[PDB]
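Take a look at the structure below.
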Amino acid sequence: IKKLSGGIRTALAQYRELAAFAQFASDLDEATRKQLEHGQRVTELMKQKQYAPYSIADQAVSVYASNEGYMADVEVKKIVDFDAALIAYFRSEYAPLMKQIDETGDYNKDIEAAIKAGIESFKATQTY
Amino acid sequence: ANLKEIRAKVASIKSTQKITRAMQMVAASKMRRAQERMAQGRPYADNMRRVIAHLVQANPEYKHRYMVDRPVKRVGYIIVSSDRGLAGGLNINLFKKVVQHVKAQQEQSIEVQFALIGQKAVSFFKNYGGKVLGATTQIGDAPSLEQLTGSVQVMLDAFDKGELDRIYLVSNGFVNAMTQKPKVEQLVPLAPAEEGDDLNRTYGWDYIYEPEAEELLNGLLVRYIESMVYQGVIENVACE
Amino acid sequence: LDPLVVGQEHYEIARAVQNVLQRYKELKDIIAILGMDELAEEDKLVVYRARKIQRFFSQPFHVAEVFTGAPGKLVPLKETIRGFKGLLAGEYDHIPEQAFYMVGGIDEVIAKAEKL
Amino acid sequence: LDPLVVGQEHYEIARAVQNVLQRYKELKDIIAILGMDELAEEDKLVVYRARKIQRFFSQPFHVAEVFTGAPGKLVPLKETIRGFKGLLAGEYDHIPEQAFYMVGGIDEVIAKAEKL
Amino acid sequence: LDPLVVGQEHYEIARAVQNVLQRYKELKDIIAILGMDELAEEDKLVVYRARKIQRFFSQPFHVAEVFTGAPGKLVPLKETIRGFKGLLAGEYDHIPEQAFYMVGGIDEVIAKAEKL
Amino acid sequence: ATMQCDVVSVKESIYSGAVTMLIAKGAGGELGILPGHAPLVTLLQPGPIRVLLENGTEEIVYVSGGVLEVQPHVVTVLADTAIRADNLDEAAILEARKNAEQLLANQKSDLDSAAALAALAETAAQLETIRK
């Protein structure tokens with residue numbers, strides 16, 4: 001969590017910096033437009049329902065999928081549906097890994113590889 | 001007033017300030033892009049001036065109908081304006097300058113007609129009234145020739161039929177990022193000013209003029225006619 | 001007002017209506033300062049739909065007939081749900097906002113559209 | 001910070017540095033919105049000198065030796081006065097600004113610059 | 001200043017000069033921007049009348065007889081009403097300016113206008 | 001031989017160096033290695049132009065049409081962004097009959113000659129707009 005919180009903090013800060021440019025998006029350069037889109041995706045990722053606590057593994061997977069470019073193809077309105085589907089794909093096919101993350105909390109190159117492979121498999125095969 | 005009212009008003013003003021700052025930055029970017037377009041388009045005007053000077057020095061014996069001036073009567077005008085506001089009233093300045101100009105012309109006892117390209121001129125300046133040949137609006141930024149080709153043509157065909165003699169164009173000129181000023185300039189009379197170039201250094205061969213010795217050049221003028229006005233229009237946009 | 005009590009369609013309709021009204025509420029200062037033409041098209045649609053919705057919550061009562069003279073009305077829940085679902089969808093847009101004042105169910109709005 | 005208590009040269013140097021910093025604060029917005037460059041040379045020189053001064057203000061401390069490993073630097077006032085006067089004069093107009101960061105006294109800046 | 005208590009004649013004489021004062025105050029900026037040359041018709045007359053009345057408000061005082069050759073004036077109210085009505089009618093427009101200044105009553109003003 | 005051949009449309013250009021072979025219709029493909037003689041001016045057809053710069057590098061440039069001037073060491077082309085070299089008048093004012101004066105006529109039916117009418121009203125509107 002300590003490793004992965006920085007990207008979200010930076011994205012939220014940059015979205016706070018430039019938000020009135022939403023109407024004038026086409027007039028901006030590519031970098032600022034990409035920053036604005038990433039900020040919109042991140043700020044819609046933060047929405048959650050009552051009586052559904054997320055686990056450490058769930059938060060880690062969601063944040064890793066966001067910090068990397070995986071959530072750059074989904075529409076701004078469909079982010080909430082994509083996030084749960086991704087969570088439910090895990091805990092059913094990758095439960096050992098979820099248990100290891102929950103019980104240990106470590107972060108080594110091996111875990112990162114497993115998370116990346118699982119996200120790639122979900123994006124390739126399943127649909128949301 | 002109530003503390004709650006002031007507390008909400010402060011936040012509202014802060015949000016409006018942020019929005020206005022965003023608009024200012026967007027305007028700066030658009031202005032610099034318009035400056036790039038102006039720099040890109042300048043060589044076209046330069047080569048047009050060069051070629052027209054070369055041709056007029058080549059065949060000064062013959063002159064077309066656009067280089068001959070008859071006594072001034074029934075003069076005409078061309079106006080360009082923005083389609084959106086918040087421009088600090090540059091359109092107001094242009095309209096006022098042209099209205100004192102036309103007031104002086106009426107004091108000279110000559111009736112006038114003109115045409116409009118700006119949306120604000122049609123929406124506001126026309127409530128008062130005025131003889132009008134053409135109004136084309138909503139051309140947008142980076143307007144194309146197809147968009148304004150007809151508007152210039154009708155105004156000058158009025159001269160071609162002889163019912164108008166002098167046609168001016170009125171537009172804003174850009175001197176510095178903070179400095180723009182109205183300008184009125186005559187184009188249809190096309191009186192010569194700088195003809196000293198290319199006489200001192202050869203350029204005596206001129207052209208065999210194989211397709212038409214003294215006939216095709218008139219079409220060239222039309223291109224010049226569609227050039228300068230276009231060159232003017234983008235100017236205004238940048239200023240805006 | 002819970003998805004497990006009033007169902008799923010009702011909850012979404014209520015949330016969408018509240019969201020539209022709240023979004024329109026924050027646009028009044030910009031319109032006061034900036035011209036109405038200086039807004040995004042989606043913002044204009046939100047403003048118009050919010051005005052229609054604001055007028056649409058009014059109906060005549062059976063008891064207040066003495067004040068106005070019009071007869072009272074009583075609208076069932078399903079009619080309200082259907083009308084609000086149709087309104088948020090973007091249909092009913094051409095209908096002027098005047099025809100939504102004190103007019104009970106939607107069909108009376110459609111009928112009143114002819115007169116004024 | 002008055003000419004009586006501290007002297008004349010110290011007051012002059014401090015006021016000049018503050019004026020340069022204020023000028024830089026005024027100029028950043030023009031660069032940010034109107035654009036880069038598009039400006040005379042004196043403004044650009046002011047910007048470069050302001051950046052050099054901003055880098056030069058930083059210094060390492062003694063209470064962080066057990067953390068970073070770099071020894072602390074205590075700079076005698078006279079060295080600060082001489083270095084800032086030289087920087088304002090324009091002698092160090094070619095030294096890279098990266099030699100002014102966490103470098104303590106002026107000579108040390110010269111040594112770090114020539115070593116680089 | 002009520003028609004019932006003082007009369008309709010006095011009341012209508014009043015509130016007409018105040019209108020001229022308000023018009024002149026609103027046109028002051030435009031008058032400041034440029035002179036009567038930019039000004040159109042029916043406003044130059046308003047400006048002249050406003051100047052005339054604001055100068056006519058002056059009056060000598062008996063308390064200043066030590067510094068005044070004249071012993072001061074005690075203008076009756078009816079005379080003031082007559083003078084203000086005549087000046088509002090535009091008859092006294094041809095009277096040159098400064099004849100209303102410190103000349104007290106309008107009748108004295110006429111003599112001053114005649115002599116100079 | 002060949003040093004430059006410039007073709008300028010509303011806002012664009014191209015550069016030509018030592019062109020091996022230039023092909024334009026209606027003139028026998030007069031262009032190519034610079035002739036440098038008989039300076040003249042012709043009406044360039046709206047057909048495309050084939051360019052070979054060096055060692056067989058072939059490219060195609062589409063000219064709507066325009067004017068072509070040749071001179072020793074100078075080749076200039078003023079082109080058009082569309083097909084208008086036929087000096088069309090009625091077609092280019094058909095939209096004017098519907099968009100230039102028809103649009104104003106629907107918007108404003110006053111059709112009254114100006115003659116600097118109501119200049120006092122314009123000045124009053126100016127004064128009102130100054131208030132801000």
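Residues in the structure tokens are named by chain (A, B, ... in the order shown) and by number from 1 within that chain; ligands are numbered from 1 in the order shown.
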What are the closest atom pairs, with distances in Å to one decimal, for each residue of chain B lying within 10 Å of chain C, using only C-alpha atoms, rows by chain and rising residue number, as JSON lines?
```
{"residue": "B:9", "atom": "CA", "partner": "C:29", "partner_atom": "CA", "distance": 9.4}
{"residue": "B:12", "atom": "CA", "partner": "C:29", "partner_atom": "CA", "distance": 6.8}
{"residue": "B:13", "atom": "CA", "partner": "C:29", "partner_atom": "CA", "distance": 8.3}
{"residue": "B:15", "atom": "CA", "partner": "C:30", "partner_atom": "CA", "distance": 8.9}
{"residue": "B:16", "atom": "CA", "partner": "C:30", "partner_atom": "CA", "distance": 6.6}
{"residue": "B:19", "atom": "CA", "partner": "C:30", "partner_atom": "CA", "distance": 8.7}
{"residue": "B:20", "atom": "CA", "partner": "C:34", "partner_atom": "CA", "distance": 9.4}
{"residue": "B:84", "atom": "CA", "partner": "C:37", "partner_atom": "CA", "distance": 8.3}
{"residue": "B:85", "atom": "CA", "partner": "C:35", "partner_atom": "CA", "distance": 8.3}
{"residue": "B:86", "atom": "CA", "partner": "C:34", "partner_atom": "CA", "distance": 8.5}
```
Saved selection, atoms kept: N, CA and C atoms, as a PDB file, in the first residue's frame:
```
ATOM      1  N   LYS B   9     -20.660  33.079  -0.903  1.00  0.00           N
ATOM      2  CA  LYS B   9     -20.257  33.980  -1.977  1.00  0.00           C
ATOM      3  C   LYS B   9     -18.760  33.891  -2.237  1.00  0.00           C
ATOM      4  N   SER B  12     -18.098  30.804  -4.278  1.00  0.00           N
ATOM      5  CA  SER B  12     -18.564  30.994  -5.648  1.00  0.00           C
ATOM      6  C   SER B  12     -17.591  31.856  -6.446  1.00  0.00           C
ATOM      7  N   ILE B  13     -17.097  32.936  -5.836  1.00  0.00           N
ATOM      8  CA  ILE B  13     -16.149  33.804  -6.526  1.00  0.00           C
ATOM      9  C   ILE B  13     -14.849  33.061  -6.804  1.00  0.00           C
ATOM     10  N   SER B  15     -14.512  29.820  -7.397  1.00  0.00           N
ATOM     11  CA  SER B  15     -14.749  28.934  -8.534  1.00  0.00           C
ATOM     12  C   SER B  15     -14.782  29.712  -9.846  1.00  0.00           C
ATOM     13  N   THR B  16     -15.456  30.865  -9.851  1.00  0.00           N
ATOM     14  CA  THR B  16     -15.500  31.678 -11.064  1.00  0.00           C
ATOM     15  C   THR B  16     -14.109  32.166 -11.449  1.00  0.00           C
ATOM     16  N   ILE B  19     -12.345  29.373 -13.214  1.00  0.00           N
ATOM     17  CA  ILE B  19     -12.857  29.213 -14.574  1.00  0.00           C
ATOM     18  C   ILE B  19     -12.298  30.296 -15.492  1.00  0.00           C
ATOM     19  N   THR B  20     -12.249  31.537 -15.005  1.00  0.00           N
ATOM     20  CA  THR B  20     -11.725  32.629 -15.820  1.00  0.00           C
ATOM     21  C   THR B  20     -10.238  32.445 -16.110  1.00  0.00           C
ATOM     22  N   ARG B  84     -18.640  35.721 -30.872  1.00  0.00           N
ATOM     23  CA  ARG B  84     -18.801  35.515 -29.410  1.00  0.00           C
ATOM     24  C   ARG B  84     -18.357  36.774 -28.667  1.00  0.00           C
ATOM     25  N   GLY B  85     -18.776  36.943 -27.414  1.00  0.00           N
ATOM     26  CA  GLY B  85     -18.448  38.199 -26.717  1.00  0.00           C
ATOM     27  C   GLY B  85     -17.241  38.105 -25.798  1.00  0.00           C
ATOM     28  N   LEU B  86     -17.254  38.895 -24.743  1.00  0.00           N
ATOM     29  CA  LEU B  86     -16.117  38.882 -23.778  1.00  0.00           C
ATOM     30  C   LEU B  86     -14.841  39.353 -24.479  1.00  0.00           C
TER      31      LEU B  86
END
```
Could you list, with a cut-off of 10 Å and counting only C-alpha atoms, the residues of chain A near chain C, each shown with its nearest atom pair and the distance in Å rounded to one decimal, rows sorted by chain and ascending number, as CSV?
```
residue,atom,partner,partner_atom,distance
A:22,CA,C:40,CA,9.6
A:23,CA,C:40,CA,6.4
A:24,CA,C:40,CA,9.3
```
Next, the residues of the selection above should be written as a PDB file, in the first residue's frame with N, CA and C atoms.
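As written to disk, part33.pdb reads:
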```
ATOM      1  N   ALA A  22     -12.152  20.925 -18.523  1.00  0.00           N
ATOM      2  CA  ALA A  22     -12.945  19.803 -19.010  1.00  0.00           C
ATOM      3  C   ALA A  22     -13.676  20.159 -20.298  1.00  0.00           C
ATOM      4  N   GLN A  23     -14.233  21.368 -20.370  1.00  0.00           N
ATOM      5  CA  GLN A  23     -14.911  21.794 -21.590  1.00  0.00           C
ATOM      6  C   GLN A  23     -13.915  22.038 -22.716  1.00  0.00           C
ATOM      7  N   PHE A  24     -12.731  22.547 -22.386  1.00  0.00           N
ATOM      8  CA  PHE A  24     -11.728  22.937 -23.375  1.00  0.00           C
ATOM      9  C   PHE A  24     -10.656  21.870 -23.548  1.00  0.00           C
TER      10      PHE A  24
END
```
Neighbour list for residue 159 (chain B) as a PyMOL selection string, cut-off 12 Å, only C-alpha atoms, skip fewer than 4 positions in-chain: chain B and resi 65-66+68-70+72-77+113-114+133+152-155+163-168+187-189
Compute the set of chain B residues within 8 Å of chain A, using only C-alpha atoms, and express it as a ChimeraX atom specification. /B:18-19,22,26,29-30
Restricting the output to N, CA and C atoms, write the selected residues as a PDB file, in the first residue's frame.
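What landed in result.pdb:
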```
ATOM      1  N   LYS B  18     -11.275  30.565 -10.893  1.00  0.00           N
ATOM      2  CA  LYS B  18     -10.594  29.434 -11.519  1.00  0.00           C
ATOM      3  C   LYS B  18     -11.038  29.260 -12.967  1.00  0.00           C
ATOM      4  N   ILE B  19     -12.345  29.373 -13.214  1.00  0.00           N
ATOM      5  CA  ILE B  19     -12.857  29.213 -14.574  1.00  0.00           C
ATOM      6  C   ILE B  19     -12.298  30.296 -15.492  1.00  0.00           C
ATOM      7  N   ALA B  22      -8.721  29.548 -16.409  1.00  0.00           N
ATOM      8  CA  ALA B  22      -8.670  28.529 -17.454  1.00  0.00           C
ATOM      9  C   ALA B  22      -8.978  29.131 -18.819  1.00  0.00           C
ATOM     10  N   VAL B  26      -6.507  29.199 -22.153  1.00  0.00           N
ATOM     11  CA  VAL B  26      -6.967  28.695 -23.445  1.00  0.00           C
ATOM     12  C   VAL B  26      -6.851  29.779 -24.509  1.00  0.00           C
ATOM     13  N   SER B  29      -3.219  30.168 -25.617  1.00  0.00           N
ATOM     14  CA  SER B  29      -2.805  29.116 -26.543  1.00  0.00           C
ATOM     15  C   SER B  29      -3.392  29.340 -27.934  1.00  0.00           C
ATOM     16  N   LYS B  30      -4.678  29.692 -28.002  1.00  0.00           N
ATOM     17  CA  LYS B  30      -5.301  29.937 -29.298  1.00  0.00           C
ATOM     18  C   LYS B  30      -4.653  31.121 -30.005  1.00  0.00           C
TER      19      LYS B  30
END
```
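Among the candidates F:1, F:132, F:73, F:9, the one nearest to residue 43 (chain B) when counting only C-alpha atoms is F:9.
Once residue 115 (chain F) and its same-chain neighbours fewer than 2 positions away are set aside, residues 102, 103, 106, 111, 112 and 130 of chain B; 113 and 117 of chain F remain within 8 Å of it when counting only C-alpha atoms.
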Applying 10 Å and only C-alpha atoms, which residues near region 48-55 of chain F remain after dropping the ones on its own chain fewer than 4 positions away? List them as a PyMOL selection string. chain F and resi 2+16-25+29+31-33+44+59-65
Write out as an MDAnalysis selection string every residue belonging to chain F that has an atom at most 12 Å from any atom of chain E, counting only C-alpha atoms. chainID F and resid 118:124 126:128 130:131
Let me see the file: selected residues, N, CA and C atoms, as a PDB file, in the first residue's frame.
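Final file, again.pdb:
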```
ATOM      1  N   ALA F 118     -29.808  57.512 -37.603  1.00  0.00           N
ATOM      2  CA  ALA F 118     -29.878  57.437 -36.144  1.00  0.00           C
ATOM      3  C   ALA F 118     -28.490  57.379 -35.514  1.00  0.00           C
ATOM      4  N   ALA F 119     -27.573  58.203 -36.030  1.00  0.00           N
ATOM      5  CA  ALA F 119     -26.229  58.257 -35.463  1.00  0.00           C
ATOM      6  C   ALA F 119     -26.263  58.651 -33.992  1.00  0.00           C
ATOM      7  N   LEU F 120     -27.240  59.471 -33.600  1.00  0.00           N
ATOM      8  CA  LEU F 120     -27.429  59.775 -32.186  1.00  0.00           C
ATOM      9  C   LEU F 120     -27.780  58.518 -31.400  1.00  0.00           C
ATOM     10  N   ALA F 121     -28.620  57.654 -31.976  1.00  0.00           N
ATOM     11  CA  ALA F 121     -28.952  56.395 -31.316  1.00  0.00           C
ATOM     12  C   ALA F 121     -27.727  55.496 -31.191  1.00  0.00           C
ATOM     13  N   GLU F 122     -26.881  55.461 -32.223  1.00  0.00           N
ATOM     14  CA  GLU F 122     -25.652  54.678 -32.136  1.00  0.00           C
ATOM     15  C   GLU F 122     -24.730  55.219 -31.052  1.00  0.00           C
ATOM     16  N   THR F 123     -24.617  56.545 -30.950  1.00  0.00           N
ATOM     17  CA  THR F 123     -23.795  57.134 -29.898  1.00  0.00           C
ATOM     18  C   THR F 123     -24.360  56.822 -28.517  1.00  0.00           C
ATOM     19  N   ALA F 124     -25.686  56.865 -28.375  1.00  0.00           N
ATOM     20  CA  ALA F 124     -26.307  56.523 -27.099  1.00  0.00           C
ATOM     21  C   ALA F 124     -26.059  55.064 -26.738  1.00  0.00           C
ATOM     22  N   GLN F 126     -23.475  53.363 -27.707  1.00  0.00           N
ATOM     23  CA  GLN F 126     -22.070  53.348 -27.318  1.00  0.00           C
ATOM     24  C   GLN F 126     -21.905  53.757 -25.861  1.00  0.00           C
ATOM     25  N   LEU F 127     -22.577  54.837 -25.459  1.00  0.00           N
ATOM     26  CA  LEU F 127     -22.487  55.298 -24.077  1.00  0.00           C
ATOM     27  C   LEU F 127     -23.029  54.254 -23.110  1.00  0.00           C
ATOM     28  N   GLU F 128     -24.141  53.608 -23.470  1.00  0.00           N
ATOM     29  CA  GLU F 128     -24.701  52.568 -22.612  1.00  0.00           C
ATOM     30  C   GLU F 128     -23.755  51.379 -22.494  1.00  0.00           C
ATOM     31  N   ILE F 130     -20.530  51.501 -22.749  1.00  0.00           N
ATOM     32  CA  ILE F 130     -19.344  51.901 -21.996  1.00  0.00           C
ATOM     33  C   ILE F 130     -19.519  51.582 -20.516  1.00  0.00           C
ATOM     34  N   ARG F 131     -20.729  51.770 -19.993  1.00  0.00           N
ATOM     35  CA  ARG F 131     -20.999  51.476 -18.591  1.00  0.00           C
ATOM     36  C   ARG F 131     -20.726  50.008 -18.295  1.00  0.00           C
TER      37      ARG F 131
END
```
